[PDB]
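Working notes, structure below.
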Amino acid sequence: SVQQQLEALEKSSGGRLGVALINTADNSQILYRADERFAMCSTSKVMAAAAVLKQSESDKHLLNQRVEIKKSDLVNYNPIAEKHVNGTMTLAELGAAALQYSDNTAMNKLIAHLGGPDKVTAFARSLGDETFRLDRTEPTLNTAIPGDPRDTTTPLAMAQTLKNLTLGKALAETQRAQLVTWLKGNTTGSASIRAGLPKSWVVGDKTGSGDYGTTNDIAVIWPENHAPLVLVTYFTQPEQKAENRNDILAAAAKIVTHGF
């Protein structure tokens with residue numbers, strides 16, 4: 001029956017909906033187009049920060065290393081990075097900026113630091129993720145052209161991986177709780193998955209929108225009396241200049257967690 005509400009939603013939205021919920025209590029799943037590739041957009045920014053956290057395990061000084069922010073670094077959306085022009089920003093500061101405020105300059109600084117988009121993919125691989133693939137930097141990794149496999153993953157590959165990063169064995173404890181603290185403090189997920197859930201529940205998430213009306217959100221949920229839920233809602237549309245649809249993610253979240 002849940003299959004019927006998500007198929008109705010999708011059809012009326014005139015788009016293509018993906019969803020991958022993993023109820024950790026019993027590891028049961030609720031999958032809709034979960035093995036189909038969607039353009040991650042700014043949800044990919046979670047993998048770039050966790051790859052820098054995984055580093056700090058072996059390098060205790062790493063996160064405090066400062067990073068010079070200049071004008072010619074500034075890409076299109078730099079809500080935090082721009083304040084620090086002619087200043088610095090440590091690596092922990094750029095991970096928090098990329099996730100909580102979705103700073104693109106910050107996302108680009110982390111990548112360069114690693115060595116390029118292909119390193120962040122190699123990291124995904126080391127977590128057991130064979131689907132994820134970051135090809136480009138900001139802002140071009142959001143074109144979200146249909147069929148294009150660049151910078152795409154699947155809703156289930158992203159649900160399984162997010163679970164391991166925030167509730168699993170991907171990161172040492174210290175780094176896991178820092179990734180989780182970062183996600184919770186997010187400032188952009190208001191209208192998305194969070195909307196479709198009870199106000200009392202706790203949520204750390206990262207959105208991702210792009211062209212072709214691409215609207216994504218990946219969130220770890222902590223019910224008040226239940227084990228955590230991992231929810232990945234990917235949505236995209238056929239028209240390049242299609243409006244983004246967060247209300248579709250709020251709806252889908254409601255539909256799938258209608259039972260907890």
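Just so we're on the same page: first chain in the structure tokens is A, next is B, and so on; residues restart at 1 for each chain, and ligands are numbered from 1 in the order they show up.
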Sorted by chain and rising residue number, which residues of region 168-223 of chain A lie within 8 Å of region 52-57 of chain A, and what are their closest atom pairs and distances in Å to one decimal, counting only C-alpha atoms, as a Markdown table?
| residue | atom | partner | partner_atom | distance |
| --- | --- | --- | --- | --- |
| A:171 | CA | A:54 | CA | 6.1 |
| A:172 | CA | A:57 | CA | 7.1 |
| A:175 | CA | A:53 | CA | 5.6 |
| A:179 | CA | A:53 | CA | 7.8 |
Point to revise | Residue contacts of residue 242 (chain A) (9 Å, only C-alpha atoms) excluding same-chain residues fewer than 5 positions away, as an MDAnalysis selection string | key: chainID A and resid 211:214 236:237
Exercise for review: Mind giving me the straight-line distance from CA of residue 133 (chain A) to CA of residue 231 (chain A) in Å, one decimal?
Suggested key: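 Between these atoms lies a distance of 19.8 Å.
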Point to revise | Selection near residue 158 (chain A), 10 Å with only C-alpha atoms, sequence-local residues under 5 positions removed, as a VMD selection string | key: chain A and resid 20 34 40 43 to 44 47 124 129 131 to 132 153 163 to 164 218 230 to 233
Check your understanding: So what do you get for CA of residue 68 (chain A) versus CA of residue 96 (chain A), distance-wise?
Key ->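 Computing it gives 16.2 Å between the two atoms.
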**Study point:** Spatial neighbours of residue 154 (chain A), max dist 6 Å, only C-alpha atoms, sep filter under 4 positions, as a list in words
**Key:**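 The residues that qualify are residues 34, 35, 36 and 37 of chain A.
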Keeping C-alpha atoms, export the residues of the selection given above as a PDB file, in the first residue's frame.
ATOM      1  CA  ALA A  34      16.181   2.646  -4.958  1.00  0.00           C
ATOM      2  CA  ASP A  35      18.451   0.993  -7.529  1.00  0.00           C
ATOM      3  CA  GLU A  36      18.032   3.820 -10.037  1.00  0.00           C
ATOM      4  CA  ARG A  37      20.715   6.518 -10.239  1.00  0.00           C
TER       5      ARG A  37
END
Review point. Contacts of residue 195 (chain A) at 6 Å or less, counting only C-alpha atoms, minus same-chain residues fewer than 3 places along, as a PyMOL selection string?
Key: chain A and resi 191-192+250
If we count only C-alpha atoms and set the cut-off at 9 Å, which residues sit around residue 249 (chain A), ignoring sequence neighbours fewer than 4 positions away in its own chain? Please answer as a CSV table (one decimal) with N, CA and C atoms, in the first residue's frame.
chain,number,residue,atom,x,y,z
A,191,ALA,N,12.0,22.5,5.1
A,191,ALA,CA,10.8,22.2,4.3
A,191,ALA,C,10.8,20.8,3.8
A,192,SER,N,11.9,20.1,3.8
A,192,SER,CA,12.1,18.8,3.2
A,192,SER,C,11.6,17.7,4.1
A,193,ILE,N,12.4,16.7,4.3
A,193,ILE,CA,12.0,15.5,5.1
A,193,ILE,C,11.5,15.9,6.5
A,194,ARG,N,12.1,16.9,7.1
A,194,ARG,CA,11.8,17.3,8.4
A,194,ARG,C,10.4,17.7,8.5
A,195,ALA,N,9.8,18.3,7.5
A,195,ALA,CA,8.5,18.8,7.5
A,195,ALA,C,7.5,17.6,7.6
A,196,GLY,N,7.8,16.5,6.9
A,196,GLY,CA,6.9,15.4,6.9
A,196,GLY,C,6.9,14.5,8.2
A,215,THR,N,15.7,17.6,-6.6
A,215,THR,CA,15.5,17.9,-5.2
A,215,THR,C,15.7,16.7,-4.4
A,216,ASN,N,16.8,16.8,-3.5
A,216,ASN,CA,17.2,15.6,-2.7
A,216,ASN,C,17.3,16.0,-1.3
A,217,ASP,N,17.2,15.0,-0.4
A,217,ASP,CA,17.5,15.1,1.0
A,217,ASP,C,17.8,13.8,1.6
A,233,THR,N,15.5,10.5,0.1
A,233,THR,CA,14.5,10.9,-0.8
A,233,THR,C,15.2,11.7,-2.0
A,234,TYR,N,15.3,11.0,-3.1
A,234,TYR,CA,15.8,11.7,-4.3
A,234,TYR,C,14.6,11.9,-5.3
A,235,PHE,N,14.6,13.1,-5.9
A,235,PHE,CA,13.6,13.5,-6.8
A,235,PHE,C,14.2,14.3,-8.0
A,245,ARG,N,11.3,20.9,-5.7
A,245,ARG,CA,10.1,20.4,-5.0
A,245,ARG,C,10.4,19.8,-3.7
A,253,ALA,N,8.4,11.5,2.8
A,253,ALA,CA,8.8,11.2,4.1
A,253,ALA,C,7.6,10.8,5.0
A,254,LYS,N,6.6,11.6,5.0
A,254,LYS,CA,5.4,11.4,5.7
A,254,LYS,C,4.8,10.0,5.4
Could you give me, as JSON lines, every region 119-212 of chain A residue with an atom at most 12 Å from region 106-112 of chain A, plus its closest atom pair and distance in Å to one decimal, counting only C-alpha atoms, rows ordered by chain then number?
{"residue": "A:119", "atom": "CA", "partner": "A:111", "partner_atom": "CA", "distance": 8.0}
{"residue": "A:120", "atom": "CA", "partner": "A:111", "partner_atom": "CA", "distance": 7.4}
{"residue": "A:121", "atom": "CA", "partner": "A:111", "partner_atom": "CA", "distance": 10.7}
{"residue": "A:123", "atom": "CA", "partner": "A:111", "partner_atom": "CA", "distance": 11.8}
{"residue": "A:134", "atom": "CA", "partner": "A:111", "partner_atom": "CA", "distance": 10.1}
{"residue": "A:135", "atom": "CA", "partner": "A:111", "partner_atom": "CA", "distance": 10.9}
{"residue": "A:136", "atom": "CA", "partner": "A:108", "partner_atom": "CA", "distance": 9.7}
{"residue": "A:137", "atom": "CA", "partner": "A:108", "partner_atom": "CA", "distance": 6.2}
{"residue": "A:138", "atom": "CA", "partner": "A:108", "partner_atom": "CA", "distance": 6.3}
{"residue": "A:139", "atom": "CA", "partner": "A:108", "partner_atom": "CA", "distance": 9.0}
{"residue": "A:140", "atom": "CA", "partner": "A:108", "partner_atom": "CA", "distance": 11.1}
{"residue": "A:141", "atom": "CA", "partner": "A:108", "partner_atom": "CA", "distance": 11.0}
Restricted to N, CA, C and O atoms, what would the selected residues look like written as a PDB file, in the first residue's frame?
ATOM      1  N   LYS A 119      39.065  10.926  -5.625  1.00  0.00           N
ATOM      2  CA  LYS A 119      39.500  10.440  -4.318  1.00  0.00           C
ATOM      3  C   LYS A 119      38.303  10.215  -3.407  1.00  0.00           C
ATOM      4  O   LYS A 119      38.295   9.293  -2.593  1.00  0.00           O
ATOM      5  N   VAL A 120      37.296  11.069  -3.552  1.00  0.00           N
ATOM      6  CA  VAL A 120      36.090  10.992  -2.739  1.00  0.00           C
ATOM      7  C   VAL A 120      35.271   9.766  -3.138  1.00  0.00           C
ATOM      8  O   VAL A 120      34.496   9.235  -2.344  1.00  0.00           O
ATOM      9  N   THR A 121      35.449   9.331  -4.380  1.00  0.00           N
ATOM     10  CA  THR A 121      34.826   8.116  -4.885  1.00  0.00           C
ATOM     11  C   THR A 121      35.558   6.893  -4.364  1.00  0.00           C
ATOM     12  O   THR A 121      34.940   5.896  -3.997  1.00  0.00           O
ATOM     13  N   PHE A 123      37.079   6.767  -1.655  1.00  0.00           N
ATOM     14  CA  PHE A 123      36.688   6.687  -0.254  1.00  0.00           C
ATOM     15  C   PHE A 123      35.363   5.951  -0.113  1.00  0.00           C
ATOM     16  O   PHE A 123      35.204   5.087   0.749  1.00  0.00           O
ATOM     17  N   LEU A 134      31.608  10.613  -7.619  1.00  0.00           N
ATOM     18  CA  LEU A 134      31.761  12.049  -7.772  1.00  0.00           C
ATOM     19  C   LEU A 134      32.750  12.366  -8.898  1.00  0.00           C
ATOM     20  O   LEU A 134      33.932  12.040  -8.799  1.00  0.00           O
ATOM     21  N   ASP A 135      32.267  13.004  -9.962  1.00  0.00           N
ATOM     22  CA  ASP A 135      33.095  13.267 -11.141  1.00  0.00           C
ATOM     23  C   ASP A 135      33.583  14.708 -11.214  1.00  0.00           C
ATOM     24  O   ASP A 135      34.709  14.965 -11.636  1.00  0.00           O
ATOM     25  N   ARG A 136      32.739  15.644 -10.797  1.00  0.00           N
ATOM     26  CA  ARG A 136      33.034  17.059 -10.954  1.00  0.00           C
ATOM     27  C   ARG A 136      32.991  17.791  -9.628  1.00  0.00           C
ATOM     28  O   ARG A 136      32.626  17.227  -8.597  1.00  0.00           O
ATOM     29  N   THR A 137      33.360  19.064  -9.673  1.00  0.00           N
ATOM     30  CA  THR A 137      33.379  19.902  -8.490  1.00  0.00           C
ATOM     31  C   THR A 137      32.149  20.786  -8.518  1.00  0.00           C
ATOM     32  O   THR A 137      31.172  20.476  -9.198  1.00  0.00           O
ATOM     33  N   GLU A 138      32.192  21.887  -7.779  1.00  0.00           N
ATOM     34  CA  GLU A 138      31.109  22.852  -7.819  1.00  0.00           C
ATOM     35  C   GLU A 138      31.442  23.928  -8.835  1.00  0.00           C
ATOM     36  O   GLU A 138      32.611  24.244  -9.051  1.00  0.00           O
ATOM     37  N   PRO A 139      30.413  24.506  -9.462  1.00  0.00           N
ATOM     38  CA  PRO A 139      28.997  24.151  -9.309  1.00  0.00           C
ATOM     39  C   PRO A 139      28.483  23.170 -10.357  1.00  0.00           C
ATOM     40  O   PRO A 139      27.284  22.904 -10.398  1.00  0.00           O
ATOM     41  N   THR A 140      29.370  22.643 -11.190  1.00  0.00           N
ATOM     42  CA  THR A 140      28.943  21.874 -12.353  1.00  0.00           C
ATOM     43  C   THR A 140      28.393  20.482 -12.037  1.00  0.00           C
ATOM     44  O   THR A 140      27.741  19.873 -12.882  1.00  0.00           O
ATOM     45  N   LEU A 141      28.653  19.978 -10.833  1.00  0.00           N
ATOM     46  CA  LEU A 141      28.187  18.644 -10.453  1.00  0.00           C
ATOM     47  C   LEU A 141      26.681  18.586 -10.173  1.00  0.00           C
ATOM     48  O   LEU A 141      26.170  17.555  -9.738  1.00  0.00           O
TER      49      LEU A 141
END
